[PDB]
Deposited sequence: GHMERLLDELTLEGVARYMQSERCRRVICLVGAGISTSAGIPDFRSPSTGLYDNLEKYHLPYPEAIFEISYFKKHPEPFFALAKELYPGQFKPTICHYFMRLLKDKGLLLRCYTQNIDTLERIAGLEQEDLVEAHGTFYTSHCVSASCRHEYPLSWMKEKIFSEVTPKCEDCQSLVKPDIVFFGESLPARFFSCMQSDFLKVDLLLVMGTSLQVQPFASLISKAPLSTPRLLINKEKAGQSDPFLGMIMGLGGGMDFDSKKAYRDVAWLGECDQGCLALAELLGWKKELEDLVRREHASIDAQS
């Protein structure tokens, strides 16, 4: 075992050693809840328990491509509803920023579509936006694919006018991977190389229930330590083994992502760095 204690402090000591050179982050909606964007499956606060106004066969249809092509109005209504007043990345986003600035971040695979990793300062080469982004949008006709900027999408969404392509009159969809859509080729290109060389998996804010993203946790070498920072355990059957008498490399820290990243940063000696980074960047944003 590469960790000497299955605790946050043992992970921090490992990250300070010279074996730990390449860290992969796998992040989900949980790392953005403290920024105002709700997640999907948390009780009462999650989106899946706020979708009766839209009458749906299943709650996930509002994010499924065939239902969208037949009934796009619920999705764009939810879009106008949830569009935040501000886009401020969280302590966890800036913790990943610090991993980048210190040459430790091999890649961040994200399920989020809010572009907060980008705003935190993670560049395209650092990111695998496995499920796309809300930032750009395209006509759904594969022979047209006319692109439209977020400003046009916002005018059409807030005017409550279903977006249509000025060439086909076809539907215009934000560049999100809906259920039943193929993941980008970059995902499968990065996956083949990244998980042969990874020294640490950092999983944060995800229930690990959407495929093939979740299978990423099992692509690492069997000696690679894996730290979950999440309000609840996830990824248990590869497969996260936290509790068993055979456990040897998986550590779970149950709590807020922001609190766990503060704690890990302090254990690393990066506490003041992270605090100043968050202040300076939230200031440049609030301007």
### Message
Please report every deposited-sequence interval that has no C-alpha in the structure, sorted by position.
### Response
1-4, 242-252, 303-304
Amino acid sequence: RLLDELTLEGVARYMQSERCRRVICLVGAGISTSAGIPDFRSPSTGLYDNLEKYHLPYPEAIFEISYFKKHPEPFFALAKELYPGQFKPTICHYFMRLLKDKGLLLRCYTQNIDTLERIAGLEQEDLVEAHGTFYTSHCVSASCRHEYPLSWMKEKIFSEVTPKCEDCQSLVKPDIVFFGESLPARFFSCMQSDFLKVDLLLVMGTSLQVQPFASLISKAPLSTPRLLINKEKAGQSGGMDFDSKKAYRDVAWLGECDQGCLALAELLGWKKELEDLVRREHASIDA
From here on, numbers count along this sequence of modelled residues.
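Rigid core: the largest C-alpha set superposing within 1.5 Å between the two forms.
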### Query
After fitting on the rigid core, which stretch moves more in 9 other deposited structures of this protein, 115-123 or 153-161, going by C-alpha RMS?
153-161
### Message
For a rigid core alignment of each structure in 9 other deposited structures of this protein onto the shown form, which stretch has the higher root mean square Cα deviation: 65-73 or 215-223?
### Response
65-73
#### Entry: Stretch with the greater mean C-alpha B-factor as recorded in the entry, comparing 150-158 against 174-182
150-158
### Task
Take the C-alpha B-factors listed in the entry for 140-148 and for 115-123, compute each mean, and give the stretch with the larger one.
140-148
### Task
Please work out which residue in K219, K231, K246, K69 has the highest C-alpha B-factor recorded for this crystal structure.
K246
### Query
Based on the PDB record, which member of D49, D250, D258, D39 exhibits the highest Cα temperature factor?
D49
### Query
Going by the entry, which third of its chain does the Cα temperature factor of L208 land in?
middle
### Query
Considering only modelled residues of the same chain, in which third does the CA B-factor of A77 rank: lowest, middle or highest?
highest
### Query
Compared with the other modelled residues in the chain, in which third is the CA B-factor of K102?
middle
### Message
Taking only the Cα B-factors deposited for this chain, tell me whether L262 sits in the lowest, middle or highest third.
### Response
lowest
### Query
Which third of the chain does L8 land in by C-alpha B-factor: lowest, middle or highest?
lowest
